[PDB]
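Only one chain is included here, represented as C-alpha cells and corresponding to the form deposited without S-adenosyl-L-homocysteine (SAH).
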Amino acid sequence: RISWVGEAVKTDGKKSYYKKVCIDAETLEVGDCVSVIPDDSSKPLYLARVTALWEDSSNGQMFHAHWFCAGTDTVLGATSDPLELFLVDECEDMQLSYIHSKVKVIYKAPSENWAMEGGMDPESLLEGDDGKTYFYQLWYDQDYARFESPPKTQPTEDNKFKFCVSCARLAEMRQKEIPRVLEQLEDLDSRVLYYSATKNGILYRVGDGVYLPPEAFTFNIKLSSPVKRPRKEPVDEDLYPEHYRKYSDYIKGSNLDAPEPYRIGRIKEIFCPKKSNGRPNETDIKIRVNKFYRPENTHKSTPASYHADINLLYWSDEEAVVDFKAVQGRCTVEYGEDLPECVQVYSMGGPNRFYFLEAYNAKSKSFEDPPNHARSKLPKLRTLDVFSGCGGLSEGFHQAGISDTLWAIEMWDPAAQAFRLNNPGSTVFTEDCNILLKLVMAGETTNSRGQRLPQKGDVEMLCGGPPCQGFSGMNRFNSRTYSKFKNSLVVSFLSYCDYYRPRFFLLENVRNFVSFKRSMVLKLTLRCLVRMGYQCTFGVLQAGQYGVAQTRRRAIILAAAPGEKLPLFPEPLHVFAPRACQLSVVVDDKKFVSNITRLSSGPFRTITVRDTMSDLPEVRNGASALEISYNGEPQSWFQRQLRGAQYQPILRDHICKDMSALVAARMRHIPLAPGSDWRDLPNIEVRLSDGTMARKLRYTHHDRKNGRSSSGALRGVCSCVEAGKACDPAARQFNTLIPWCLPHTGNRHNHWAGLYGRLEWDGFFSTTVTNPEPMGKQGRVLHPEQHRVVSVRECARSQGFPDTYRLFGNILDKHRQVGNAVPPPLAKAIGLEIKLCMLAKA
C-alpha cells in the first residue's frame, strides 16, 4: 500500500534515504507539498513541504516536513487571505503515515514591474483575496510579527537530497548564538589567551570596547551613602488641607528608578581556563578588561555629568575579569588626541562611539594623563511626508541622512507655513490628500496652485502619521465605525502607499494605535501592506530612550518593498524609567515584541529636564518677547547639540502663555520640591494681581471614605461626597486658591495627581501636549522654579527640536506645532535603521 520507488541513496546508521515514494494511487518526490490532519478533527489541515524521505530501523517510513503557517495563525488573524500561507522556521520529522494528501502550493513572486502594479481601491486592499490555490509570498517571524522576503539559503553538494531551509537556518541561529574563541595568542601556565572571539555575530578583538551590565564590576571609589528621603513629615493639615491626598510616594516623571547605563570596558585579555591535560576549556570564555569611568562615576558624583559630553569617558588602570557571555555589545573607545577628525565629527560619525582625554586615579582622586599603552555617500531618498505638521519626522529623517522631503501634505496652514520655512525647495500641499490622490489618478500634473504633483517613481520613501478620529476606541467594530475607518486618513495613507509603491514606508501614531478596535486597525493596516506585497512589521517605541527628557510612547509600522531589506527597530540609546518602557503589544491574546534587546541598560545616561532647559533665561508668566538673549553659553551636551555649531546671538520663542491672575497665584503657591502639585496648595486668602481676592476653600460635607483632618475638620466639599446624594449647586465655591473641582471629584480620578505639578530637574517631561494647561488631563506643565507654564522653546527642547527650527503663528499655534510633532531624535533613530537597510541592499 505504501512503499519506496527505487533504490537507496544513503544508508546512515539506522535510516535509509530514498528519493521518491508511492502511497496508494499517488507518488511523492522531494519538493512536493503535503497536508497532515491534526489530532483535533476540527482544526484546519496542517500544510508542509516534504524535504527528505527515509526508512527507520525500528519505527518505519519517515519524512521531513517544513511547516507552512496559515495566514490566520499570524498577527493578521481572520483578516488574512484565507488561502495565503507564510514561510516559517518550523519543521520536524514525521511518519509517512500521517500524510493525508498532496496539495498544490505556489509561490506568488512579485513581478519585475511590481512598483507599477498599484492602484487598487481600498475595498480590494482591505478585503480582496487572490482567488486561486494555496499560495505563499512572505516568510513570517512570529515573535516579532515580521513579514519579510523568503530567505535565499542555497543547498550543498552533499546535503541537497535532504535539504531543509528551516533546519539550515536554525543551525545558523544556534551556531551564531554560541560564543566561540578564535586565533590563539599565547599559552600561559593557568590560561590560554586568544586574539578574537565571536558572540551573536559580533567579533571582539583585543583592545575593542565592550558594553557590560552595571552589575559586571564596581569602581575603586566608594559609592558614598546618599541621604535617603525620610518619611512624609507631618504637615499643618489645616494650612494644607489637601496634602493628605498625597499618601502615595510615587512621583510622576522621577528618574530615581531609572537603571544605570552600561559599564564600558576595554579588552585587555581574552582567555580560557586550561584543562588538566593542557587543552583550553573553550566553553568557559573569560575576558579581562580595563575600567572606564563615566564622569558621574568619579569622586565627583552625578553633577559631573551635567556639562560633560554624553560619550566622554576617563581611562583607568583598574581591571576586572568577567564572563564573555556577559558582554552586551561592541563599542569603540578612542583617545581623542590621536583622532583623524575632531571629536564632534567622530561622535556624529557612527554608533557606540566614546572618547577619553584624561585618566582617573581613584586613590588620588585626580585627573592625570593616560599612559602610553592607552593609545593605539548614498543619494537621499525622495520622500513624501503626509500629515507632516511642522516637520519633526522629516527633520529627524534628514538628520539621519536618508531623505530629501520633496513633497509634504499638511492641511493645517500654520504648520504648513512652518514646514515651508524649514524646508525651502519642498512642495507643501495644503489640500485634502484624497483630493490630491484623485487628481494624480485622473492624470493631472499640477494642483490648483500650480504645484507639480508627485507621480509614480518620484516617491522613493513615504512617511506620515494619520489621525484616527471616529474610531479611536478599544471596543469592537460595527458597521458605522468600520465605514468611518475605510473612509479614513489611515486608509488614505495606505492608498498612497499602494499607488506610489515607495522603497520604504513609515506610519507613526499614538501607542494605542496597536490596540484600537481590538487591535483591528493594526491588523487591517498590516493586511493591506501584505496585500500590496510589502514586507512589514510593527512595534512600540519610547521617545525618551532615544535622547529626549520626555515619556512619549508611539506606535510604528514599517514597510519595505520587495527586493529591499526590512528595517529593524532601533536599539535604545539612553536608559529610561522602566515604568515608561513597556513596549510589548497583545493582539488576540498573543504577545508580540520588537527586535529590541536592550531591556535592562543602555550606552548613555538618561536626558533630564536639567539637560533640556537649564540654560534658558528666566521669564515671567505671559512672556511675549519673541527674540531674547541666551545670557550664556550652552551648559549641557544636549543644549550644545540643540544650539548647534554656528553661534546663535538670538534665542527665539522662549514665550509662555499669559495665565489668569488666579492661575498665576496658584502656580506661585506650588512648592518647588519634586512631586509638588495642587495638593500642596495652602488654604489661604490671597489678593490677586488684578486686585480681586482668592478665598479659602471651606469643607462643608463629611467624607466617610476620606475621614477628617487632624483638627477634626471635614474633607468633603459637596453633597455628592455621600453615597447616593447628588451635587447640590449651593455647595459649589468659586475663586478658591485650591480649585474646587479637584477635591470635588478627586476620589475617582487618582486625586488628580500632577495637576498644577512642577517638573523636576532630575526628572523628565510628561508627554508634550499641544496646549499646556495646569488643570487639564496632563497638568504637570509648571516650571521647576519659575511661576509659569513651560515655554514654547522649553516644549521644543523636550521634543528634541534644534533651537534654529522655525515655528509659525501665535503662541498657541507654536505650542500645537511642537506637540503634534514626532521627536526628531526618535525619527533619526528610525532613519538610521532605514539607512542600514539602504546600505545593505543586495
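Each residue number is its position in the shown sequence, starting from 1.
Keep in mind the form solved in complex with S-adenosyl-L-homocysteine (SAH) is missing from the figure; the text below concerns it.
Partner absent here, but in the deposited bound form, which of 338 to 346, 462 to 470, 532 to 540, 558 to 566 has residues with a heavy atom within 4.5 Å of S-adenosyl-L-homocysteine (SAH)?
It is the stretch 462 to 470.
Looking at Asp677, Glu84, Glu410, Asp611 here, can you tell me which has any non-hydrogen atom within 4.5 angstroms of S-adenosyl-L-homocysteine (SAH) in the deposited bound form?
Of the candidates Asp677, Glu84, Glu410, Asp611, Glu410 is the one lying within 4.5 Å of S-adenosyl-L-homocysteine (SAH) in the deposited bound form.
Partner contact for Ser16 in the deposited bound form: S-adenosyl-L-homocysteine (SAH), 4.5 angstroms, heavy atom
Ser16: no contact with S-adenosyl-L-homocysteine (SAH) in the deposited bound form.
Contact test in the deposited bound form: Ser388 vs S-adenosyl-L-homocysteine (SAH), heavy atoms, 4.5 Å
It does: once S-adenosyl-L-homocysteine (SAH) is placed as it appears in the deposited bound form, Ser388 has a heavy atom within 4.5 Å of it.
Does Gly392 reach S-adenosyl-L-homocysteine (SAH) in the deposited bound form if we count a contact as any heavy atom within 4.5 Å?
Heavy-atom contact with S-adenosyl-L-homocysteine (SAH) at 4.5 Å: present for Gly392.
Is the gap between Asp658 and S-adenosyl-L-homocysteine (SAH) in the deposited bound form 4.5 Å or less for some heavy atom pair?
No - in the deposited bound form, heavy atoms of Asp658 and S-adenosyl-L-homocysteine (SAH) never come within 4.5 Å of each other.
Between 821 to 840 and S-adenosyl-L-homocysteine (SAH) in the deposited bound form, list the residues on our side with a heavy atom within 4.5 Å.
In sequence order, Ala821, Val822 come within 4.5 Å of the partner.
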